[PDB]
Amino acid sequence: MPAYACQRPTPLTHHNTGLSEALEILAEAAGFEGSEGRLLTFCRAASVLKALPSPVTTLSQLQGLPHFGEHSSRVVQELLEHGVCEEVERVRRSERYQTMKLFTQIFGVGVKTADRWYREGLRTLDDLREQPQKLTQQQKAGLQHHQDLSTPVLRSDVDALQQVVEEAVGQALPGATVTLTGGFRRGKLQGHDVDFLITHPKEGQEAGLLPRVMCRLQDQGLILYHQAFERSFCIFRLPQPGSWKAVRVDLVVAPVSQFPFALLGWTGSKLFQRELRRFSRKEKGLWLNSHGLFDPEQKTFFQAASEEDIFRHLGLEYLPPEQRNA
DNA sequence: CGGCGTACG
DNA sequence: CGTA
DNA sequence: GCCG
Ligand SMILES: Nc1ccn([C@H]2C[C@H](O)[C@@H](COP(=O)(O)NP(=O)(O)OP(=O)(O)O)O2)c(=O)n1
Ligand SMILES: [Cl-]
Ligand SMILES: [Cl-]
Ligand SMILES: [Cl-]
Ligand SMILES: [Mg+2]
Ligand SMILES: [Mg+2]
Ligand code: NA
């Protein structure tokens with residue numbers, strides 16, 4: 001079991017679901033308190049269990065596994081022995097955890113804003129609606145659309161949605177392409193949003209594309225909310241039987257030279273990409289982002305024609321998107 | 001003990 | 001600050 | 001919280 005999540009296959013569904021979900025509760029709570037280090041450890045420990053070939057049935061099977069120390073092991077031990085971890089349950093039902101989760105789920109609200117509201121005594125969504133003066137335009141849209149945005153986006157919604165984006169993209173720049181990325185590319189059947197990566201086969205032709213795409217989508221009456229730019233975080237009108245629902249849609253443009261790096265980054269998972277960039281820098285001395293891979297000694301960028309190229313340049317066995325569910 | 005990913009809006 |  |  002290698003120490004980095006990018007060094008091992010992680011399938012979407014696995015054999016330790018209950019154990020990973022408990023550790024990710026503690027990771028989430030750590031983030032609500034600003035403890036990024038503890039969040040990472042609990043996330044990594046959870047991911048290790050996702051990568052195991054069978055269920056953990058005894059504590060001894062944790063020996064030698066990376067990122068399992070006294071704390072994470074005690075969590076697993078109690079779940080194995082009693083089916084419940086007291087610390088996890090105490091977090092679950094705490095007013096702090098429940099409210100920070102409720103607030104951070106709002107589009108436009110992060111940990112710092114939710115914490116401030118919590119210290120001010122706010123606890124419910126209606127508490128926020130009553131004092132709308134303290135809300136950004138982004139937060140007003142997230143709060144108004146919160147109910148729809150809390151329902152999972154279905155894979156069966158995605159194809160129809162990709163078609164309307166492609167139509168706007170094709171008018172904005174003939175020859176431009178739309179690629180489904182994010183969780184759905186990793187095989188997820190549901191998602192919190194839909195993530196689309198846009199490019200054009202002729203390097204440079206994609207410059208200035210996203211404003212033209214957004215203007216056409218808005219002209220179609222499809223944009224319920226959006227803010228030179230290359231990333232757009234929108235709220236889209238998705239048809240439903242006799243009606244419609246609001247859905248979150250992310251659009252990002254990249255030049256074809258950077259497409260493999262953008263596809264890799266936007267396909268995730270989030271933990272997988274953090275681990276991959278950490279591996280790149282700490283183990284290989286290379287700097288990785290969604291734009292390229294930089295050698296700081298030669299001061300050169302590595303050209304990539306595919307995701308496979310990138311895995312090879314980092315000395316990692318290739319993992320298909322379905323095995324990046326860290 | 002230092003480090004914990006790295007961007008854009 | 002928010003966002004991926 | 002854990003690794004190196
Ligand atoms: N902080 C973040 C957020 C996202 N990302 C990347 C990897 C994610 O898979 C991808 C898409 O972000 P995302 O839409 O918020 N999450 P994802 O699509 O994987 O699952 P959903 O929650 O959307 O169902 O961007 C990242 O690298 N760092
Ligand atoms: Cl911490
Ligand atoms: Cl270069
Ligand atoms: Cl990036
Ligand atoms: Mg997504
Ligand atoms: Mg997204
Ligand atoms: Na939020």
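Residue numbering restarts at 1 for every chain, and letters A, B, ... go by the order of the sequence lines. All heavy atoms count here, side chains included; hydrogens, waters and symmetry mates do not.
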What does [X] touch in the nucleic acid at a heavy-atom separation under 4.0 angstrom: a base, only the sugar-phosphate, or nothing?
X	answer
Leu271(A)	nothing
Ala45(A)	nothing
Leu276(A)	nothing
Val109(A)	sugar-phosphate
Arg278(A)	sugar-phosphate
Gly110(A)	sugar-phosphate

Problem set entry | With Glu24(A), the salt bridge (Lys or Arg N to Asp or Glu O under 4.0 Å) member among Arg44(A), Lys50(A), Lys270(A) |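 Going through the options one by one, the only one that passes is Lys50(A).
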Rounded to whole Å, please give me the gap between [atom1] in [X] and [atom2] in [N].
X	N	atom1	atom2	answer
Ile198(A)	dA4(C)	CD1	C1'	14 Å
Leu180(A)	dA4(C)	CG	P	16 Å
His291(A)	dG5(B)	NE2	P	18 Å
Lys270(A)	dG5(B)	NZ	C1'	10 Å
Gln139(A)	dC1(C)	CD	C1'	9 Å
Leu39(A)	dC2(D)	CG	P	13 Å
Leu251(A)	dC8(B)	CG	P	17 Å
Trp266(A)	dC8(B)	CH2	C1'	9 Å

As a test of reading the structure: which of [options] is closest to the side chain of [X], going by heavy atoms?
X	options	value
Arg44(A)	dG2(C), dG1(D), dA4(C)	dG1(D)
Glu230(A)	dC8(B), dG2(C), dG1(D)	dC8(B)
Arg38(A)	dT6(B), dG1(D), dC3(D)	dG1(D)
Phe42(A)	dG5(B), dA4(C), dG1(D)	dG1(D)

Report yes if at least one side-chain N or O of [X] is closer than 4.0 Å to OP1 or OP2 of [N]; otherwise report no.
X	N	result
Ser232(A)	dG9(B)	no
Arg231(A)	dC8(B)	no
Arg277(A)	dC4(B)	no
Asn289(A)	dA7(B)	yes
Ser72(A)	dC2(D)	yes
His71(A)	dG1(D)	yes
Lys282(A)	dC4(B)	yes

Output a table of donor-acceptor pairs, distance under 3.5 Å, between side-chain atoms of residues 32-39 of chain A and any protein atom two or more places apart or on a different chain; print 'none' if there are none.
{"from": "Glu33(A)", "atom 1": "OE2", "to": "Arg96(A)", "atom 2": "NE", "distance (Å)": "2.9"}
{"from": "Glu36(A)", "atom 1": "OE1", "to": "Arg274(A)", "atom 2": "NH2", "distance (Å)": "3.1"}

Exercise. If the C1' atom of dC2(D) is compared with that of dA7(B), how far apart are they to the nearest Å?
Worked result: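 Approximately 26 Å lies between the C1' atom of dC2(D) and that of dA7(B).
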For this session: Pick the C1' atom in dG5(B) and in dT3(C), then give their distance to the nearest Å.
Result: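 That atom pair is separated by 15 Å.
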For this session: Please name the pair of heavy atoms, one in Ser280(A) and one in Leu293(A), separated by the smallest distance, quoted to 0.1 Å.
Result: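 The answer is OG-CD1, 3.3 Å.
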Exercise. Side chain of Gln61(A), backbone of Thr57(A): donor and acceptor closer than 3.5 Å?
Worked result: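 At least one qualifying donor-acceptor pair exists.
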Exercise. Between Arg216(A) (side chain) and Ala168(A) (backbone), is there a donor-acceptor pair under 3.5 Å?
Worked result: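 Absent.
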Exercise. Cation over ring, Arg248(A) on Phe236(A), under 6.0 Å and within 45°?
Worked result: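 So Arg248(A) doesn't make the cation-pi contact.
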